[PDB]
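As C-alpha cells, the structure follows; a few thoughts come after it.
2 protein chains.
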Amino acid sequence: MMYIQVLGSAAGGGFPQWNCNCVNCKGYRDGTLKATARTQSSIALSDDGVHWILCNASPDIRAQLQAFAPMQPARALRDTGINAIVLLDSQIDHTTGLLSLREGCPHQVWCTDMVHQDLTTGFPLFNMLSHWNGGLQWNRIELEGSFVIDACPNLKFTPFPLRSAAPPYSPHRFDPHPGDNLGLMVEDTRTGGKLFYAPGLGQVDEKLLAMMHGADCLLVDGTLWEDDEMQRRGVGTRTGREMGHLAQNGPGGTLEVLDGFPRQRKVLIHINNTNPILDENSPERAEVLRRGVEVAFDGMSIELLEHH
Amino acid sequence: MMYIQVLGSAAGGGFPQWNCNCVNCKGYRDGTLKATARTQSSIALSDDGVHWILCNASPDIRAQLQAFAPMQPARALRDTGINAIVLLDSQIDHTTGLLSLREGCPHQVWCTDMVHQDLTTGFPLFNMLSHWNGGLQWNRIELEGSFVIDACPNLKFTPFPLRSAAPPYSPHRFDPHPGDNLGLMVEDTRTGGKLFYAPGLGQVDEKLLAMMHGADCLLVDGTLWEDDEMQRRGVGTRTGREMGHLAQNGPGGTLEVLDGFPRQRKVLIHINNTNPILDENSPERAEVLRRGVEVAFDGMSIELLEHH
Ligand SMILES: [Zn+2]
Ligand SMILES: [Zn+2]
Ligand SMILES: [Zn+2]
Ligand SMILES: [Zn+2]
C-alpha cells in the first residue's frame, strides 16, 4: 500500500491569495462562492502510514502538518512524522517551509545539484539552517536512475527532467540547466503500483506519455484553465507558458492529453486561485468531472493499492 | 485613536509547535487542555483602521492576514491593507513572512542598518525579493530619534535599543551590535497615547522603566514563566537568559517589574508553547489575571484612546 496525502493543493499564493480579489478569491471571502480554501502545493508519501516523505516544503507547512495527525506520532516530547524531504525545484513556494522546521534539525533533504546550488547561494537555506543542530543533510538526486529513502524502503523514486525554469532569484535563472525542475515516478516495489507526480508541467512529449501509461495514478499540473487566465481575471499579465504551466483547456491542454489515459486515476493539483475549477458550481468543474478527472483538495487521501 | 491588532501571539514555533508534545501542545491536540491555538508573534498598527503598519512578518502571515478583514480592503483586483512593514530584528520567525508577500511588491520595509545587513547576506530577503517588481524598498531606522510612516502620519515611532542578540545565521552573531534588536514606542500624536512594544525583552534598566512609565499600554515579552522552562517540560536545554527572554516568575521577573505599573494596561505577548499561562485553568494564568495582566491571543484588538 502506498499512501499519498495532499497537504496543499493550490498553486503559489494559495487560495484565497492574500492580495487577490478575483472572482474566486473575493467570492470565497463573501461566501457567495461554493469553494474550499487551499494551501500551497505539497504532498506526503508513505509505505506504512507511520514514516512520511515530504514532497516540497510549502510556506503553509505549519497548518498542513497540524491538519494531518500522522505528522505528530507523539512518540516522544519532541517528534515528527517527517523522515525525509524531497524538493522538485528551488522555488520559494516549495522550499520556504524548511525554515519552519528549524526546531527539529537535522532533516534529510533530497534535491538535485542545481537545486542545491540555488539553496546554498541565492536562497541559502542549507547555509542558514546549518546553525540549527546540523541543519539540512543533502542527499543528491541524480539525473539518471532511481533512489530509495531508508525510512520508506518500499518506495522507489524515479525522477524525470522537466523543462528547466530556475527561480527569479537563481544565479542561473537566465541559464537553465537540467536539474532545475523534475517530476517524480514513485513505485511501491511490493505491488508495482506507480504514482506519476508532475505538479509543474509545461509540456508533454512522447517519452513523457510513455511513462505516464506505465503509471496507475496521474497527479498533474492543474494551475490554469486557460493560458491567458491571469489576463481574463484582470490580476496579471503572465501566461501559463511564461509560467511553465499547461492549461487544462484548448488543443494541447491537459484534458486533451488525459483523454489518452482512460484507465489511470487522474487528479489535478497545484491549482491557481484564478482557476474556475475551484468554483464547485462552474461548468469548468463539471467538465473536469465529466472527463473522469478529479480536483485535488487539502486533506485528500489517495490510496495506491496495486498495478493495472 | 490608535488601533493595535494582535495577528500572532506565540513565540517562535507557534502553539502548538509542529514537533512538540509537551503538556500544553499534546494537551491541546488531545482536547484535554483548555487553550487556544496561536500563530507566531506579529501585530498590526493603524491610526485610521484602513492603512496598516505590520510589525514583524511571521511565517504564519498568510493565515494571520486572512483572519483579519481590514487586511483585504478589496479596493481593486489586487490590493492589501499592508502599507508598510517594520522589523524589530532579523530573526527568521520575524522576517520569513516577507517571502509570502512577493506577489504584491514593492513594499516599504523599515529596519535598522544591522538588520538590513543580515537581510542582504546571511538571509538575503532584499536580494531575493528584488526580482519581484522592485522587491523591498529599505527605509533606515536610525538608532536615535523617531520616524513617521506617511501611510499613518499620526503614528510616531520611537525605537529603543535592546541587548544585541543577532540570529545564528548572522555574519556577526558572535559580534553583537546596537541595531540588532529594538523595542518600539508608538505615539498617536493627536492624543498623546503611547504604546510600549517589547516582544523580546531580556533585561530592564532605569532608562527602560522611565519610558515605560510614560506609556499607556505595556505590550511585553511573555515567552517563559520560568527561566528553565524548557528543561521542566523536557523539550530543550536553553534558558530564557540564553534566549534573551525575561521570565514572568521569580525575583526580577516581568510580573514583579509590572507591579510598579498599576495605571498602565499590561499585556503579555510572544508566549512560548511551553508556558503554563496558555493553560486557561492553570494557577499561573490565575496569578497573571490577579495582577491585572492580560494574556494576548490571536485576534486581540487593543484600542488606544488617550493618555494618562
Ligand atoms: Zn507552486
Ligand atoms: Zn484570486
Ligand atoms: Zn519570536
Ligand atoms: Zn509544546
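Chains as they are written, first to last, in the authors' numbering: chain A, 0 to 307; chain A', 0 to 307. A prime marks a further copy of an entry chain. For each residue, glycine too, the CB sits at the ideal point set by N, CA and C.
Bridge partner(s) assigned by DSSP for residue i
i	result
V287 of chain A'	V287 of chain A' is not bridged to any residue.
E279 of chain A	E279 of chain A pairs with nothing; no bridge assigned.
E186 of chain A'	A':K155 and A':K193
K265 of chain A	A:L217 and A:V292
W51 of chain A	A:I81
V203 of chain A	None; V203 of chain A has no bridge partner.
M1 of chain A	A:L303
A209 of chain A'	DSSP, once it has assigned bridges, lists no residue as partnering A209 of chain A'.
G7 of chain A	A:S41
CB of residue i within 8 Å of CB of residue j, strictly
i	j	result
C54 of chain A'	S45 of chain A'	no
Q4 of chain A	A43 of chain A	yes
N23 of chain A	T236 of chain A	no
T94 of chain A	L64 of chain A	no
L303 of chain A'	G201 of chain A'	no
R28 of chain A	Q71 of chain A'	yes
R37 of chain A'	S57 of chain A'	no
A150 of chain A	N82 of chain A	yes
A10 of chain A'	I270 of chain A'	yes
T111 of chain A	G178 of chain A	yes
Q39 of chain A	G80 of chain A	no
residue 316 of chain A'	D204 of chain A'	For chain A', the structure presents residues 0 to 307; residue 316 of chain A' sits outside this window and is missing.
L76 of chain A'	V234 of chain A	yes
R101 of chain A'	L128 of chain A'	yes
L194 of chain A'	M1 of chain A'	yes
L254 of chain A	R290 of chain A	yes
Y168 of chain A'	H130 of chain A	yes
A66 of chain A'	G249 of chain A'	no
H176 of chain A	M229 of chain A	no
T190 of chain A	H307 of chain A	no
Under the three-state DSSP convention, the category residue i falls into
i	result
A62 of chain A'	helix
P158 of chain A	strand
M299 of chain A	coil
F14 of chain A	strand
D258 of chain A	coil
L181 of chain A	strand
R139 of chain A	strand
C24 of chain A'	helix
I91 of chain A	helix
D46 of chain A'	coil
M127 of chain A	helix
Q247 of chain A'	coil
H106 of chain A'	strand
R101 of chain A	helix
residue 363 of chain A'	Only positions 0 to 307 of chain A' appear in this structure, which leaves residue 363 of chain A' out of reach.
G96 of chain A	helix
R74 of chain A'	coil
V234 of chain A	coil
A83 of chain A'	strand
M242 of chain A'	coil
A68 of chain A	helix
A56 of chain A'	coil
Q39 of chain A'	strand
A164 of chain A'	coil
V147 of chain A	strand
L223 of chain A'	coil
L118 of chain A'	coil
Closer than 7 Å: residue i CB and nearest ligand 5 heavy atom
i	result
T273 of chain A	In the structure shown, ligand 5 is absent; the only ligands present are ligand 1, ligand 2, ligand 3 and ligand 4.
Could you say if the segment 16 to 28 of chain A' and the segment 49 to 68 of chain A' meet the contact criterion of at least three C-beta pairs nearer than 8 Å?
Counting Cβ pairs under 8 Å, fewer than three are found: no touch.
Evaluate the contact criterion for the segment 148 to 155 of chain A' versus the segment 178 to 195 of chain A': three or more CB pairs, one atom per stretch, below 8 Å.
Yes, since at least three Cβ pairs between the segment 148 to 155 of chain A' and the segment 178 to 195 of chain A' fall closer than 8 Å, the two stretches touch.
Contact between the segment 109 to 128 of chain A and the segment 88 to 97 of chain A (3+ Cβ pairs under 8 Å)
The segment 109 to 128 of chain A vs the segment 88 to 97 of chain A: in contact.
Does the segment 236 to 245 of chain A come close enough to the segment 212 to 224 of chain A that 3 or more CB-CB pairs lie under 8 Å?
The segment 212 to 224 of chain A, when compared against the segment 236 to 245 of chain A, does touch it at the 8 Å Cβ threshold.
Should the segment 253 to 261 of chain A' be regarded as contacting the segment 202 to 213 of chain A', the criterion being three or more beta carbon pairs within less than 8 Å?
Short answer: they touch.
When you compare the segment 267 to 284 of chain A with the segment 156 to 172 of chain A', are there three or more beta-carbon pairs, one atom per stretch, that lie closer than 8 Å?
They do not touch, by the three-pair rule.
With three or more beta-carbon pairs closer than 8 Å as the criterion, would you say the segment 100 to 115 of chain A' touches the segment 125 to 136 of chain A'?
Yes, the segment 100 to 115 of chain A' touches the segment 125 to 136 of chain A'.
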